[PDB]
Amino acid sequence: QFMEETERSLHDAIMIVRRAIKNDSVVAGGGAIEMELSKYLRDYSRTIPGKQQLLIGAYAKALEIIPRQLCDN
Amino acid sequence: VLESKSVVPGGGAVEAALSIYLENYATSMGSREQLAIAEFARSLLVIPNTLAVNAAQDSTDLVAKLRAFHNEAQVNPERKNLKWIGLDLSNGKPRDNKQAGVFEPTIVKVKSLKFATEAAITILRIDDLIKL
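As given, the protein sequences belong to chains A and B, one line each in that order. Each residue of the first sequence is one higher than the one before, counting from 1 in the numbering used here. Each residue of the second sequence is one higher than the one before, counting from 1001 in the numbering used here.
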């Protein structure tokens, strides 16, 4: 039962490192970037809207769930 | 005006300026408290909705466009197409104070916000009404 997840770890390792060679541009993991985009889209939400505020803010909020859920479960 | 010479330019313009100011404060605070402050800020936004209602204007359209005029948080008649200031009771357009914006007195605004917070705590508190 232990092996099943340990195999998955090595497998996750091979894919991702390979995909690093191919796209040499690499950003921070951890869902770190997404919190900055939420904030970036929040700044533009303020600037842009004639009704757009609800919807651009929806896009921003939506990003934050993805790391927040992993804390929550 | 006569009792308290200190008065506040903006009616629904202050509330909407204030909504981003609180959230700017909220980003800096971090932790559990950042979300609580945020939600206080959403409730300031009812003020521009209620006037839209009475005017027979769109509500969501109306608040959006007021937050769109911004540089720093501060309300003034200096700008209106790049900063918040005033409303009308029949339109959502911003106005200057030599024109047809709204003002409130200082006293009417500080006493209201506060009174509404003490109320908000009391209703939220209860977890019964049942015959024991």
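Ideal Cβ positions, reconstructed from N, Cα and C, are used throughout, including at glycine.
Could you tell me whether the Cβ atoms of residue i and residue j are closer together than 7 Å?
i: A1026 (chain B); j: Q1034 (chain B); result: yes
i: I1123 (chain B); j: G1101 (chain B); result: no
i: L1082 (chain B); j: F1103 (chain B); result: no
i: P67 (chain A); j: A1064 (chain B); result: no
i: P1105 (chain B); j: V1007 (chain B); result: yes
i: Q1057 (chain B); j: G1012 (chain B); result: no
i: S38 (chain A); j: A58 (chain A); result: no
Would you tell me roughly how many angstroms separate the C-alpha atoms of residue i and residue j, rounded to the nearest one?
i: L63 (chain A); j: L70 (chain A); result: 13 Å
i: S1028 (chain B); j: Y40 (chain A); result: 15 Å
i: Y1021 (chain B); j: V1046 (chain B); result: 16 Å
i: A1036 (chain B); j: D72 (chain A); result: 18 Å
i: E1003 (chain B); j: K1109 (chain B); result: 15 Å
i: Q1074 (chain B); j: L1129 (chain B); result: 45 Å
i: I1107 (chain B); j: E1039 (chain B); result: 24 Å
i: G30 (chain A); j: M3 (chain A); result: 25 Å
i: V1001 (chain B); j: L1044 (chain B); result: 24 Å
i: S25 (chain A); j: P1077 (chain B); result: 48 Å
i: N1049 (chain B); j: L1089 (chain B); result: 11 Å
Using a 10 Å radius around the Cβ and a threshold of 16 neighbouring Cβ atoms, would you call residue i buried or exposed?
i: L1066 (chain B); result: buried
i: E1023 (chain B); result: buried
i: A20 (chain A); result: exposed
i: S45 (chain A); result: buried
i: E1015 (chain B); result: buried
i: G1010 (chain B); result: buried
i: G1030 (chain B); result: exposed
i: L10 (chain A); result: exposed
i: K1080 (chain B); result: buried
Contact the segment 1009-1021 of chain B vs the segment 50-64 of chain A: 3+ CB pairs below 8 Å
With the rule of 3 Cβ pairs closer than 8 Å, the segment 1009-1021 of chain B does not count as touching the segment 50-64 of chain A.
Output needed in chain order: residues of the segment 28-50 of chain A with a Cβ under 9 Å from some Cβ in chain B.
Those residues of the segment 28-50 of chain A placed with their C-beta closer than 9 Å to a C-beta in chain B are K39, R42, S45, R46, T47, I48, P49, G50, ordered along the chain.
Taking any Cβ of chain A, which residues in the segment 1044-1071 of chain B have a Cβ under 7 Å from it, in chain order?
If the cut-off is 7 Å between Cβ atoms, the segment 1044-1071 of chain B has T1060, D1061, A1064, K1065, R1067, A1068, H1070 near chain A.
Of the residues that make up the segment 49-68 of chain A, which ones have a beta carbon closer than 8 Å to any beta carbon in chain B?
Flagged, chain order: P49, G50, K51, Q52, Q53, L54.
Chain A contacts made by the segment 1085-1107 of chain B, where a contact means CB separation under 9 Å
The residues in question: there are none.
Could you list the residues in the segment 1017-1038 of chain B with a C-beta less than 7 Å from some C-beta on chain A, going in chain order?
Under the 7 Å Cβ criterion, the segment 1017-1038 of chain B contributes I1020.
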